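As stored in target01.txt (compact mmCIF, C-alpha atoms and all ligand atoms):
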# COMPACT_ATOMS: atom_id res chain seq x y z
CA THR L 1 0.63 28.81 58.06
CA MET L 2 1.69 25.28 57.15
CA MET L 3 5.49 25.32 56.86
CA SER L 4 6.05 28.47 58.93
CA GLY L 5 7.48 27.49 62.29
CA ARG L 6 8.91 24.24 60.96
CA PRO L 7 11.56 22.87 63.36
CA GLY L 8 15.12 23.89 62.59
CA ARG L 9 14.08 26.76 60.31
CA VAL L 10 16.53 29.67 60.29
CA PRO L 11 14.68 32.99 59.89
CA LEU L 12 15.34 35.23 56.89
CA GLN L 13 17.23 32.46 55.06
CA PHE L 14 16.38 32.32 51.36
CA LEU L 15 18.24 29.03 50.89
CA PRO L 16 19.37 26.88 53.84
CA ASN L 17 22.27 24.42 53.84
CA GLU L 18 20.05 21.34 53.47
CA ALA L 19 18.95 22.62 50.04
CA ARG L 20 22.46 21.96 48.67
CA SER L 21 21.70 18.22 48.44
CA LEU L 22 19.00 18.73 45.77
CA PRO L 23 19.69 18.85 42.02
CA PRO L 24 20.18 22.47 40.94
CA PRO L 25 18.02 23.67 38.04
CA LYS L 26 19.64 23.35 34.64
CA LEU L 27 20.71 26.53 32.87
CA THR L 28 18.54 25.50 29.90
CA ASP L 29 15.53 25.14 32.20
CA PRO L 30 12.30 26.11 30.39
CA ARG L 31 11.34 28.17 33.45
CA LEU L 32 14.66 30.03 33.23
CA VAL L 33 14.07 30.60 29.51
CA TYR L 34 10.64 32.02 30.36
CA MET L 35 12.25 34.32 32.93
CA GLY L 36 14.65 35.52 30.25
CA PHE L 37 11.67 36.06 27.96
CA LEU L 38 10.04 38.18 30.66
CA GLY L 39 13.23 40.24 30.90
CA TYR L 40 13.30 40.73 27.13
CA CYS L 41 9.65 41.82 27.17
CA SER L 42 10.46 44.29 29.95
CA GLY L 43 13.28 45.74 27.86
CA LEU L 44 11.03 46.06 24.82
CA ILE L 45 8.35 47.78 26.91
CA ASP L 46 10.99 50.11 28.34
CA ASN L 47 12.07 51.11 24.84
CA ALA L 48 8.44 51.58 23.80
CA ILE L 49 7.64 53.81 26.79
CA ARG L 50 10.80 55.87 26.34
CA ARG L 51 9.99 56.19 22.60
CA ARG L 52 13.25 54.64 21.43
CA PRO L 53 13.34 52.12 18.56
CA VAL L 54 11.79 49.13 20.31
CA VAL L 55 13.95 46.36 18.85
CA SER L 56 17.22 48.16 18.05
CA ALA L 57 17.89 50.75 20.76
CA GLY L 58 19.47 50.06 24.13
CA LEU L 59 21.06 46.66 23.50
CA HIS L 60 23.08 46.92 26.72
CA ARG L 61 19.92 47.80 28.67
CA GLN L 62 18.00 44.87 27.18
CA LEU L 63 20.89 42.51 27.95
CA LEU L 64 20.94 43.72 31.56
CA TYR L 65 17.17 43.17 31.78
CA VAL L 66 17.50 39.59 30.54
CA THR L 67 20.49 38.85 32.76
CA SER L 68 18.87 40.18 35.94
CA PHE L 69 15.68 38.23 35.26
CA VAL L 70 17.64 35.02 34.63
CA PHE L 71 19.71 35.49 37.80
CA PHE L 72 16.74 36.05 40.09
CA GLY L 73 14.82 33.30 38.30
CA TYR L 74 17.56 30.74 38.92
CA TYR L 75 17.60 31.52 42.63
CA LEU L 76 13.79 31.57 42.81
CA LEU L 77 13.62 28.16 41.12
CA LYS L 78 16.15 26.79 43.60
CA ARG L 79 14.00 27.97 46.51
CA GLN L 80 10.79 26.61 44.94
CA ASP L 81 12.35 23.19 44.39
CA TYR L 82 13.67 23.14 47.95
CA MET L 83 10.25 23.97 49.39
CA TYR L 84 8.45 21.31 47.35
CA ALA L 85 11.06 18.70 48.28
CA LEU L 86 10.63 19.67 51.94
CA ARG L 87 6.85 19.27 51.63
CA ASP L 88 7.25 15.78 50.16
CA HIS L 89 9.76 14.87 52.87
CA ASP L 90 7.36 15.91 55.64
CA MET L 91 4.41 14.14 54.01
CA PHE L 92 6.30 10.86 53.62
CA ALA L 93 7.60 11.07 57.19
CA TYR L 94 4.09 11.59 58.56
CA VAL L 95 2.67 8.74 56.46
CA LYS L 96 5.40 6.39 57.66
CA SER L 97 5.06 7.40 61.31
CA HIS L 98 1.23 7.10 61.35
CA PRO L 99 0.53 3.62 59.93
CA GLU L 100 -2.80 3.32 61.75
CA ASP L 101 -3.87 6.54 60.01
CA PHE L 102 -2.54 5.31 56.63
CA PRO L 103 -3.29 1.58 56.39
CA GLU L 104 -2.78 -0.60 53.36
CA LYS L 105 -6.00 -1.90 51.80
CA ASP L 106 -6.62 -5.30 50.24
CA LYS L 107 -6.72 -4.99 46.45
CA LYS L 108 -9.73 -6.66 44.83
CA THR L 109 -10.02 -7.26 41.10
CA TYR L 110 -12.88 -6.06 38.94
CA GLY L 111 -13.96 -9.69 38.67
CA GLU L 112 -14.82 -9.45 42.38
CA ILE L 113 -15.95 -5.81 42.50
CA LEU L 114 -19.65 -5.41 41.68
CA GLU L 115 -20.48 -2.15 39.90
CA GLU L 116 -24.02 -1.18 38.95
CA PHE L 117 -24.66 -0.92 35.21
CA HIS L 118 -26.61 2.05 33.83
CA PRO L 119 -27.84 1.50 30.25
CA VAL L 120 -27.81 4.47 27.88
CA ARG L 121 -31.14 4.29 26.07
CA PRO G 1 -11.27 -16.73 -7.22
CA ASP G 2 -8.58 -17.21 -4.56
CA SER G 3 -8.79 -13.54 -3.52
CA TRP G 4 -11.27 -14.36 -0.74
CA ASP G 5 -12.13 -17.47 1.26
CA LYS G 6 -14.98 -19.50 -0.24
CA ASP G 7 -15.81 -20.89 3.21
CA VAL G 8 -16.10 -17.46 4.82
CA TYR G 9 -18.07 -16.16 1.80
CA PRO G 10 -20.04 -19.17 0.52
CA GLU G 11 -21.55 -19.28 -2.95
CA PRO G 12 -24.02 -21.98 -3.99
CA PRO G 13 -22.93 -23.84 -7.13
CA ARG G 14 -24.02 -21.96 -10.23
CA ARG G 15 -26.45 -23.85 -12.49
CA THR G 16 -26.75 -22.18 -15.91
CA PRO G 17 -29.15 -23.77 -18.42
CA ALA G 18 -27.90 -24.51 -21.91
CA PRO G 19 -29.38 -22.56 -24.84
CA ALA G 20 -32.34 -24.30 -26.50
CA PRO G 21 -33.45 -22.06 -29.38
CA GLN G 22 -36.79 -22.67 -31.08
CA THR G 23 -36.58 -20.09 -33.90
CA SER G 24 -34.36 -19.45 -36.90
CA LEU G 25 -34.08 -15.77 -35.94
CA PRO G 26 -30.54 -14.70 -34.96
CA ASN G 27 -29.91 -13.68 -31.37
CA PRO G 28 -29.11 -9.96 -31.06
CA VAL G 29 -27.87 -10.60 -27.52
CA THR G 30 -25.40 -13.18 -28.85
CA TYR G 31 -24.23 -10.88 -31.65
CA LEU G 32 -23.76 -7.93 -29.28
CA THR G 33 -21.94 -10.17 -26.78
CA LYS G 34 -19.55 -11.28 -29.53
CA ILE G 35 -18.97 -7.62 -30.46
CA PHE G 36 -18.38 -6.73 -26.80
CA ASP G 37 -15.86 -9.55 -26.35
CA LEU G 38 -14.04 -8.58 -29.54
CA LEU G 39 -13.90 -4.84 -28.82
CA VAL G 40 -13.64 -4.53 -25.01
CA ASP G 41 -12.72 -7.82 -23.35
CA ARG G 42 -9.63 -8.50 -25.47
CA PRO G 43 -8.13 -4.98 -25.08
CA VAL G 44 -8.74 -4.91 -21.33
CA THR G 45 -7.29 -8.43 -21.04
CA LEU G 46 -4.14 -7.40 -22.91
CA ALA G 47 -3.80 -4.27 -20.77
CA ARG G 48 -4.17 -6.30 -17.58
CA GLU G 49 -1.67 -8.86 -18.86
CA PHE G 50 0.88 -6.08 -19.35
CA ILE G 51 0.11 -4.58 -15.93
CA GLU G 52 0.41 -7.95 -14.17
CA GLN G 53 3.68 -8.62 -16.00
CA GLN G 54 4.94 -5.30 -14.63
CA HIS G 55 3.72 -6.25 -11.15
CA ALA G 56 5.42 -9.66 -11.22
CA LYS G 57 8.86 -8.08 -11.70
CA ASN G 58 8.62 -6.14 -8.40
CA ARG G 59 7.00 -8.67 -6.09
CA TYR G 60 6.95 -7.68 -2.42
CA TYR G 61 4.87 -8.67 0.57
CA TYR G 62 2.89 -7.22 3.46
CA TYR G 63 1.84 -9.00 6.63
CA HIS G 64 -1.09 -9.31 9.03
CA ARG G 65 -0.25 -8.08 12.52
CA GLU G 66 -0.61 -10.60 15.35
CA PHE G 67 -1.60 -9.53 18.86
CA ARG G 68 -1.00 -11.83 21.82
CA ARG G 69 -3.71 -12.05 24.45
CA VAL G 70 -3.32 -9.97 27.61
CA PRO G 71 -5.09 -10.12 30.99
CA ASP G 72 -8.57 -8.63 30.92
CA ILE G 73 -10.44 -6.21 33.17
CA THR G 74 -11.71 -9.09 35.31
CA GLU G 75 -8.13 -10.03 36.17
CA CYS G 76 -7.05 -6.39 36.56
CA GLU G 77 -6.97 -5.06 40.10
CA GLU G 78 -8.85 -1.93 41.11
CA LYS G 79 -7.25 1.31 39.89
CA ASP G 80 -4.31 -0.63 38.42
CA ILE G 81 -3.95 1.80 35.55
CA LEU G 82 -1.54 -0.20 33.36
CA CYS G 83 -3.56 -3.42 33.48
CA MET G 84 -6.73 -1.40 32.93
CA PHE G 85 -5.15 0.23 29.86
CA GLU G 86 -4.10 -3.10 28.35
CA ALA G 87 -7.50 -4.68 29.05
CA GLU G 88 -9.37 -1.70 27.59
CA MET G 89 -7.28 -1.76 24.41
CA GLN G 90 -7.84 -5.51 24.03
CA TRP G 91 -11.58 -5.07 24.59
CA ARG G 92 -11.71 -2.36 21.93
CA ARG G 93 -9.91 -4.58 19.42
CA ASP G 94 -12.29 -7.46 20.17
CA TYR G 95 -15.23 -5.08 19.76
CA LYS G 96 -13.97 -4.09 16.30
CA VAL G 97 -13.48 -7.75 15.33
CA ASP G 98 -17.02 -8.61 16.46
CA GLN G 99 -18.40 -5.67 14.46
CA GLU G 100 -16.65 -7.01 11.36
CA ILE G 101 -18.04 -10.50 12.04
CA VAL G 102 -21.56 -9.04 12.10
CA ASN G 103 -20.72 -7.23 8.86
CA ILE G 104 -19.65 -10.51 7.24
CA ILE G 105 -22.90 -12.21 8.26
CA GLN G 106 -24.96 -9.29 6.95
CA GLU G 107 -23.09 -9.44 3.63
CA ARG G 108 -23.96 -13.14 3.46
CA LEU G 109 -27.63 -12.30 4.07
CA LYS G 110 -27.77 -9.58 1.40
CA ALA G 111 -25.97 -11.72 -1.17
CA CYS G 112 -28.28 -14.67 -0.57
CA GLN G 113 -31.40 -12.50 -0.87
CA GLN G 114 -30.22 -11.05 -4.19
CA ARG G 115 -29.12 -14.45 -5.49
CA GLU G 116 -32.31 -16.34 -4.65
CA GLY G 117 -34.34 -13.48 -6.10
CA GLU G 118 -38.02 -14.42 -6.23
CA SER G 119 -37.63 -17.43 -3.89
CA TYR G 120 -35.66 -15.63 -1.19
CA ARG G 121 -38.18 -16.02 1.64
CA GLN G 122 -37.66 -19.80 1.64
CA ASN G 123 -34.12 -20.34 0.34
CA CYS G 124 -32.53 -17.72 2.64
CA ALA G 125 -33.96 -19.10 5.89
CA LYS G 126 -30.53 -20.50 6.82
CA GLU G 127 -28.77 -17.14 6.52
CA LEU G 128 -31.58 -15.39 8.39
CA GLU G 129 -31.17 -17.67 11.42
CA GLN G 130 -27.40 -17.18 11.54
CA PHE G 131 -27.91 -13.42 11.37
CA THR G 132 -30.55 -13.62 14.11
CA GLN G 133 -28.22 -15.54 16.43
CA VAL G 134 -25.16 -13.38 15.70
CA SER G 135 -27.10 -10.13 16.15
CA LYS G 136 -28.69 -11.42 19.36
CA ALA G 137 -25.28 -12.22 20.83
CA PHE G 138 -23.76 -8.93 19.65
CA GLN G 139 -26.69 -6.95 21.07
CA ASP G 140 -26.46 -8.76 24.41
CA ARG G 141 -22.75 -7.92 24.44
CA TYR G 142 -22.70 -4.24 23.40
CA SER G 143 -26.33 -3.10 23.25
CA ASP G 144 -26.66 0.02 25.43
CA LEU G 145 -23.22 0.87 26.82
CA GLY G 146 -23.28 4.51 25.68
CA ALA G 147 -20.94 6.94 23.98
CA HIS G 148 -18.34 6.55 26.75
CA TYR G 149 -18.35 2.76 26.68
CA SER G 150 -15.56 0.76 28.29
CA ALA G 151 -14.59 -2.74 29.36
CA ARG G 152 -15.59 -1.90 32.94
CA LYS G 153 -19.10 -0.94 31.83
CA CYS G 154 -19.40 -4.04 29.65
CA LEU G 155 -18.27 -6.18 32.60
CA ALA G 156 -20.87 -4.51 34.82
CA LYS G 157 -23.53 -5.28 32.22
CA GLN G 158 -22.41 -8.91 32.02
CA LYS G 159 -22.49 -9.17 35.82
CA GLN G 160 -26.04 -7.78 35.85
CA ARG G 161 -27.08 -10.29 33.19
CA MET G 162 -25.49 -13.16 35.13
CA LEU G 163 -27.27 -12.08 38.32
CA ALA G 164 -30.59 -11.97 36.47
CA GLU G 165 -29.99 -15.44 35.02
CA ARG G 166 -29.03 -16.85 38.43
CA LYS G 167 -32.15 -15.37 40.03
CA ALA G 168 -34.34 -16.76 37.24
CA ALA G 169 -32.80 -20.23 37.60
CA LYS G 170 -33.27 -20.15 41.38
CA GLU G 171 -36.90 -19.06 41.01
CA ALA G 172 -37.54 -21.82 38.45
CA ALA G 173 -35.97 -24.43 40.74
CA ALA G 174 -37.99 -23.14 43.71
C1 LIG T 1 5.90 39.60 18.99
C2 LIG T 1 4.75 38.80 19.55
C3 LIG T 1 4.46 39.13 21.01
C4 LIG T 1 3.33 38.31 21.62
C5 LIG T 1 3.03 38.69 23.07
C6 LIG T 1 4.20 38.48 24.01
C7 LIG T 1 4.19 39.42 25.21
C8 LIG T 1 4.29 40.88 24.82
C9 LIG T 1 5.56 41.22 24.05
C10 LIG T 1 6.52 42.11 24.81
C11 LIG T 1 6.37 43.59 24.52
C12 LIG T 1 6.71 43.96 23.09
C13 LIG T 1 6.76 45.45 22.82
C14 LIG T 1 5.49 46.19 23.15
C15 LIG T 1 5.43 47.58 22.55
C16 LIG T 1 5.56 47.57 21.04
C17 LIG T 1 5.50 48.96 20.42
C18 LIG T 1 5.66 48.94 18.93
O1 LIG T 1 5.28 49.80 18.19
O2 LIG T 1 6.31 47.85 18.53
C19 LIG T 1 6.65 47.78 17.12
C20 LIG T 1 8.08 47.32 17.01
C21 LIG T 1 8.75 47.90 15.80
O3 LIG T 1 8.36 49.29 15.67
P1 LIG T 1 9.41 50.45 16.00
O4 LIG T 1 9.92 50.95 14.71
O5 LIG T 1 10.37 49.96 17.01
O6 LIG T 1 8.52 51.61 16.63
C22 LIG T 1 7.27 51.97 16.02
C23 LIG T 1 6.39 52.62 17.06
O7 LIG T 1 6.40 51.84 18.26
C24 LIG T 1 4.97 52.80 16.59
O8 LIG T 1 4.13 53.04 17.74
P2 LIG T 1 2.78 53.88 17.59
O9 LIG T 1 3.07 55.27 18.00
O10 LIG T 1 2.20 53.63 16.25
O11 LIG T 1 1.86 53.22 18.71
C25 LIG T 1 0.44 53.06 18.48
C26 LIG T 1 0.05 51.67 18.90
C27 LIG T 1 0.90 51.17 20.03
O12 LIG T 1 0.55 49.79 20.26
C28 LIG T 1 1.48 49.04 20.85
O13 LIG T 1 2.53 49.47 21.24
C29 LIG T 1 1.05 47.61 20.96
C30 LIG T 1 1.95 46.80 21.88
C31 LIG T 1 1.84 47.21 23.33
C32 LIG T 1 0.58 46.72 24.02
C33 LIG T 1 0.85 45.67 25.09
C34 LIG T 1 1.81 44.59 24.65
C35 LIG T 1 1.83 43.37 25.55
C36 LIG T 1 2.36 43.62 26.95
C37 LIG T 1 2.14 42.44 27.88
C38 LIG T 1 0.67 42.10 28.07
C39 LIG T 1 0.30 40.66 27.80
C40 LIG T 1 0.69 40.16 26.42
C41 LIG T 1 0.00 38.87 26.01
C42 LIG T 1 -1.51 39.00 25.91
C43 LIG T 1 -2.23 37.74 25.47
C44 LIG T 1 -3.73 37.92 25.32
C45 LIG T 1 -4.08 39.04 24.36
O14 LIG T 1 -1.31 51.74 19.43
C46 LIG T 1 -2.31 51.35 18.62
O15 LIG T 1 -2.14 50.96 17.50
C47 LIG T 1 -3.63 51.46 19.31
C48 LIG T 1 -4.68 50.53 18.71
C49 LIG T 1 -4.63 49.12 19.27
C50 LIG T 1 -5.07 49.01 20.71
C51 LIG T 1 -5.81 47.73 21.02
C52 LIG T 1 -4.98 46.46 20.92
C53 LIG T 1 -4.06 46.23 22.10
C54 LIG T 1 -3.44 44.85 22.15
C55 LIG T 1 -2.75 44.54 23.46
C56 LIG T 1 -2.17 43.13 23.56
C57 LIG T 1 -1.10 42.84 22.52
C58 LIG T 1 -0.40 41.51 22.69
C59 LIG T 1 0.74 41.32 21.71
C60 LIG T 1 1.68 42.51 21.68
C61 LIG T 1 2.78 42.44 20.64
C62 LIG T 1 3.60 43.72 20.57
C63 LIG T 1 4.73 43.65 19.59
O16 LIG T 1 8.06 45.87 16.90
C64 LIG T 1 8.08 45.15 18.03
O17 LIG T 1 8.15 45.63 19.13
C65 LIG T 1 7.97 43.68 17.74
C66 LIG T 1 8.17 42.80 18.97
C67 LIG T 1 9.61 42.39 19.18
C68 LIG T 1 10.15 41.49 18.08
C69 LIG T 1 11.58 41.03 18.31
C70 LIG T 1 12.15 40.21 17.16
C71 LIG T 1 13.60 39.80 17.36
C72 LIG T 1 14.22 39.08 16.17
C73 LIG T 1 13.52 37.79 15.79
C74 LIG T 1 13.43 36.78 16.92
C75 LIG T 1 12.87 35.43 16.51
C76 LIG T 1 12.63 34.48 17.68
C77 LIG T 1 13.86 34.23 18.54
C78 LIG T 1 14.32 32.78 18.62
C79 LIG T 1 15.36 32.37 17.58
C80 LIG T 1 14.86 32.28 16.15
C81 LIG T 1 15.94 31.89 15.17
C1 LIG T 2 26.85 33.03 56.48
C2 LIG T 2 27.26 34.05 55.41
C3 LIG T 2 26.35 33.89 54.17
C4 LIG T 2 24.90 34.24 54.54
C5 LIG T 2 24.03 34.16 53.29
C6 LIG T 2 22.75 35.00 53.49
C7 LIG T 2 21.61 34.10 54.02
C8 LIG T 2 20.25 34.59 53.43
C9 LIG T 2 20.15 36.13 53.57
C10 LIG T 2 18.76 36.61 53.04
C11 LIG T 2 18.79 38.15 52.86
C12 LIG T 2 19.02 38.84 54.22
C13 LIG T 2 17.66 39.20 54.86
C14 LIG T 2 16.87 40.10 53.89
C15 LIG T 2 15.34 39.83 54.04
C16 LIG T 2 15.08 38.29 53.92
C17 LIG T 2 13.98 38.02 52.85
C18 LIG T 2 14.02 36.52 52.45
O1 LIG T 2 15.33 36.12 52.34
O2 LIG T 2 13.37 35.76 53.44
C19 LIG T 2 12.69 34.64 52.94
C20 LIG T 2 11.43 35.12 52.19
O3 LIG T 2 11.57 34.82 50.80
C21 LIG T 2 10.55 35.35 50.00
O4 LIG T 2 9.33 35.17 50.63
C22 LIG T 2 10.53 34.64 48.64
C23 LIG T 2 10.42 35.70 47.49
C24 LIG T 2 9.60 35.09 46.31
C25 LIG T 2 9.30 36.20 45.25
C26 LIG T 2 8.23 35.67 44.25
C27 LIG T 2 6.96 35.22 45.05
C28 LIG T 2 6.18 34.14 44.23
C29 LIG T 2 5.17 34.84 43.26
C30 LIG T 2 4.44 33.77 42.41
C31 LIG T 2 4.54 34.16 40.90
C32 LIG T 2 6.04 34.28 40.51
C33 LIG T 2 6.16 35.12 39.23
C34 LIG T 2 7.64 35.23 38.82
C35 LIG T 2 8.35 36.23 39.74
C36 LIG T 2 9.48 36.91 38.96
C37 LIG T 2 12.27 33.74 54.09
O5 LIG T 2 12.34 34.46 55.31
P1 LIG T 2 11.23 34.11 56.50
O6 LIG T 2 11.74 34.45 57.82
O7 LIG T 2 11.04 32.67 56.64
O8 LIG T 2 9.79 34.89 56.18
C38 LIG T 2 8.80 34.91 57.21
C39 LIG T 2 7.41 35.19 56.60
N1 LIG T 2 6.79 33.96 56.07
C40 LIG T 2 7.11 32.82 56.90
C41 LIG T 2 5.36 34.13 56.07
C42 LIG T 2 7.23 33.72 54.73
Using the file provided, produce a representation of the structure as structure tokens.
Ligand SMILES: CCCCCCCCCCCCCCCCCC(=O)OC[C@H](COP(=O)([O-])OCC(O)COP(=O)([O-])OC[C@@H](COC(=O)CCCCCCCCCCCCCCCCC)OC(=O)CCCCCCCCCCCCCCCCC)OC(=O)CCCCCCCCCCCCCCCCC
Ligand SMILES: CCCCCCCCCCCCCCCCC[C@@H](O)O[C@H](CO[C@H](O)CCCCCCCCCCCCCCC)COP(=O)(O)OCC[N+](C)(C)C
Amino acid sequence: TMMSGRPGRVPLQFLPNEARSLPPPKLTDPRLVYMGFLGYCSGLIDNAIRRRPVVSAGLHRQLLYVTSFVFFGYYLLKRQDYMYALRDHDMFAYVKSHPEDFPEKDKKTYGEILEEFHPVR
Amino acid sequence: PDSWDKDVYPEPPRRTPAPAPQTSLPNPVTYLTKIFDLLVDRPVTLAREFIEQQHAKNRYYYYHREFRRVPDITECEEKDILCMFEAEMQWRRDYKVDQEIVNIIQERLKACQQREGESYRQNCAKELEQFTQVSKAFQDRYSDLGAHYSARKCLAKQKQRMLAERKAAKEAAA
């Protein structure tokens, strides 16, 4: 477990307060559109299994499918973005606080670097 | 013709002997040439005159793109992706230009062979030496880089060649 037991972590909290400082996902997010597509597919499959007209029947039910998927997808995307931002924050903090473990290296040009040549023949 | 550069594509001056007939028989070649000029050359000349008159009314121009020089892979730092990209693109353009230079020299060689005809082995010795030198340099540059060639690989090959030359010079001086 990498980020389990992280200091200051409140248990059973889907989205902490520190996540409010990150940019929320746009409503036209391609991931949100894909979640809505999944909801629409679920509605179509529901109509197919219940032997209703797949495309025409149950418009309210299909709309509820799409809406529920979009809602949960928006919150899931918020949590995913928060976790990735937290990972980057921790990585940068560790790199900064361990300079002897992460030292800068002198940059040499390819005019100085000697690379062996392997002819293709 | 001013279409191409006479210096880049040289032509020896054309020496055509004058006719010196020895018989009273008419020349069928001359008669057929007169017929050809009367029946074909004049109509095609008039057609081209009309076409060029149409072209002169709508004159417009196109240009030759100029590329400024950019730092090469020797100057680029290690894993400096932008400099590596610029250097690789420049190296590819130079490779294309060198290929076309070799093509120009080969065209010179072929034209001189055909022109000199039965005395080509002697009169085309100048164009054979230029082709030999150009092809030697081009081969030393891009001989066996491979399908996935690059400026880095060409630089490694040049470094290997320079090391071999330095070792040979040191051994000779020893
Ligand atoms: C549309 C492209 C989708 C691509 C994939 C996307 C993901 C899946 C889609 C979601 C689920 C869709 C519904 C599934 C059930 C369909 C049942 C059916 O009959 O459907 C016919 C139905 C119309 O018929 P109906 O009158 O309602 O009822 C007739 C009976 O169902 C007649 O039924 P029957 O009694 O004759 O049933 C017999 C039939 C029953 O067969 C079926 O029911 C086949 C479909 C169900 C199988 C599984 C579907 C996929 C589920 C997810 C799995 C992964 C998918 C991706 C896989 C990729 C790799 C393959 O069985 C057979 O024929 C057996 C032989 C074949 C078996 C072997 C082949 C199996 C292939 C499995 C994979 C198929 C992938 C594509 C599926 C596309 C389905 C439309 O048409 C559709 O459902 C069309 C799809 C919806 C179109 C909406 C259009 C909206 C307006 C335009 C929008 C334009 C774009 C919007 C943007 C803005 C533009 C301006
Ligand atoms: C103050 C007044 C307002 C309070 C607001 C409420 C505060 C939050 C309340 C949360 C609900 C109350 C508790 C109910 C159970 C909590 C469940 C959830 O919230 O907890 C989180 C758990 O969240 C879920 O794990 C995320 C659900 C993600 C669902 C998708 C999984 C990803 C699948 C990948 C493919 C995705 C496909 C698309 C899916 C539709 C983190 O809790 P944690 O104590 O730390 O878990 C310990 C175990 N660990 C450490 C190993 C994780």
Could you give me the residues within 9 Å of ligand LIG 1 (chain T), counting all atoms listed in the file, as a list in words? residues 37, 38, 40, 41, 42, 43, 44, 45, 46, 47, 48, 49, 51, 52, 53, 54, 55, 56 and 57 of chain L
Ligand LIG 2 (chain T): which residues are within 12 Å, counting all atoms listed in the file? Reply as a PDB file with C-alpha atoms, keeping the file's coordinate frame.
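Written out: part_7.pdb:
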ATOM      1  CA  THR L   1       0.630  28.810  58.060  1.00  0.00           C
ATOM      2  CA  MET L   2       1.690  25.280  57.150  1.00  0.00           C
ATOM      3  CA  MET L   3       5.490  25.320  56.860  1.00  0.00           C
ATOM      4  CA  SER L   4       6.050  28.470  58.930  1.00  0.00           C
ATOM      5  CA  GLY L   5       7.480  27.490  62.290  1.00  0.00           C
ATOM      6  CA  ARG L   6       8.910  24.240  60.960  1.00  0.00           C
ATOM      7  CA  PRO L   7      11.560  22.870  63.360  1.00  0.00           C
ATOM      8  CA  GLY L   8      15.120  23.890  62.590  1.00  0.00           C
ATOM      9  CA  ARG L   9      14.080  26.760  60.310  1.00  0.00           C
ATOM     10  CA  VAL L  10      16.530  29.670  60.290  1.00  0.00           C
ATOM     11  CA  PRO L  11      14.680  32.990  59.890  1.00  0.00           C
ATOM     12  CA  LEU L  12      15.340  35.230  56.890  1.00  0.00           C
ATOM     13  CA  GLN L  13      17.230  32.460  55.060  1.00  0.00           C
ATOM     14  CA  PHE L  14      16.380  32.320  51.360  1.00  0.00           C
ATOM     15  CA  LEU L  15      18.240  29.030  50.890  1.00  0.00           C
ATOM     16  CA  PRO L  16      19.370  26.880  53.840  1.00  0.00           C
ATOM     17  CA  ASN L  17      22.270  24.420  53.840  1.00  0.00           C
ATOM     18  CA  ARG L  31      11.340  28.170  33.450  1.00  0.00           C
ATOM     19  CA  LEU L  32      14.660  30.030  33.230  1.00  0.00           C
ATOM     20  CA  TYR L  34      10.640  32.020  30.360  1.00  0.00           C
ATOM     21  CA  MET L  35      12.250  34.320  32.930  1.00  0.00           C
ATOM     22  CA  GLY L  36      14.650  35.520  30.250  1.00  0.00           C
ATOM     23  CA  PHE L  37      11.670  36.060  27.960  1.00  0.00           C
ATOM     24  CA  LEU L  38      10.040  38.180  30.660  1.00  0.00           C
ATOM     25  CA  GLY L  39      13.230  40.240  30.900  1.00  0.00           C
ATOM     26  CA  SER L  42      10.460  44.290  29.950  1.00  0.00           C
ATOM     27  CA  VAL L  66      17.500  39.590  30.540  1.00  0.00           C
ATOM     28  CA  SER L  68      18.870  40.180  35.940  1.00  0.00           C
ATOM     29  CA  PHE L  69      15.680  38.230  35.260  1.00  0.00           C
ATOM     30  CA  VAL L  70      17.640  35.020  34.630  1.00  0.00           C
ATOM     31  CA  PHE L  71      19.710  35.490  37.800  1.00  0.00           C
ATOM     32  CA  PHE L  72      16.740  36.050  40.090  1.00  0.00           C
ATOM     33  CA  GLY L  73      14.820  33.300  38.300  1.00  0.00           C
ATOM     34  CA  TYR L  74      17.560  30.740  38.920  1.00  0.00           C
ATOM     35  CA  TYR L  75      17.600  31.520  42.630  1.00  0.00           C
ATOM     36  CA  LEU L  76      13.790  31.570  42.810  1.00  0.00           C
ATOM     37  CA  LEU L  77      13.620  28.160  41.120  1.00  0.00           C
ATOM     38  CA  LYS L  78      16.150  26.790  43.600  1.00  0.00           C
ATOM     39  CA  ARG L  79      14.000  27.970  46.510  1.00  0.00           C
ATOM     40  CA  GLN L  80      10.790  26.610  44.940  1.00  0.00           C
ATOM     41  CA  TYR L  82      13.670  23.140  47.950  1.00  0.00           C
ATOM     42  CA  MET L  83      10.250  23.970  49.390  1.00  0.00           C
TER      43      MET L  83
END
Counting all atoms listed in the file, what are the residues of chain G within 6 Å of chain L, and for each of them which pair of atoms is the nearest and at what distance in Å, to one decimal? Sort the table by chain and rising number, as JSON lines.
{"residue": "G:74", "atom": "CA", "partner": "L:111", "partner_atom": "CA", "distance": 4.1}
{"residue": "G:75", "atom": "CA", "partner": "L:109", "partner_atom": "CA", "distance": 6.0}
{"residue": "G:76", "atom": "CA", "partner": "L:109", "partner_atom": "CA", "distance": 5.5}
{"residue": "G:77", "atom": "CA", "partner": "L:109", "partner_atom": "CA", "distance": 3.9}
{"residue": "G:78", "atom": "CA", "partner": "L:109", "partner_atom": "CA", "distance": 5.5}
{"residue": "G:144", "atom": "CA", "partner": "L:119", "partner_atom": "CA", "distance": 5.2}
{"residue": "G:145", "atom": "CA", "partner": "L:119", "partner_atom": "CA", "distance": 5.8}
{"residue": "G:146", "atom": "CA", "partner": "L:120", "partner_atom": "CA", "distance": 5.0}
{"residue": "G:156", "atom": "CA", "partner": "L:117", "partner_atom": "CA", "distance": 5.2}
{"residue": "G:157", "atom": "CA", "partner": "L:117", "partner_atom": "CA", "distance": 5.4}
To one decimal place in Å, what is the distance between atom CA of residue 108 of chain G and atom CA of residue 13 of chain G? 15.1 Å
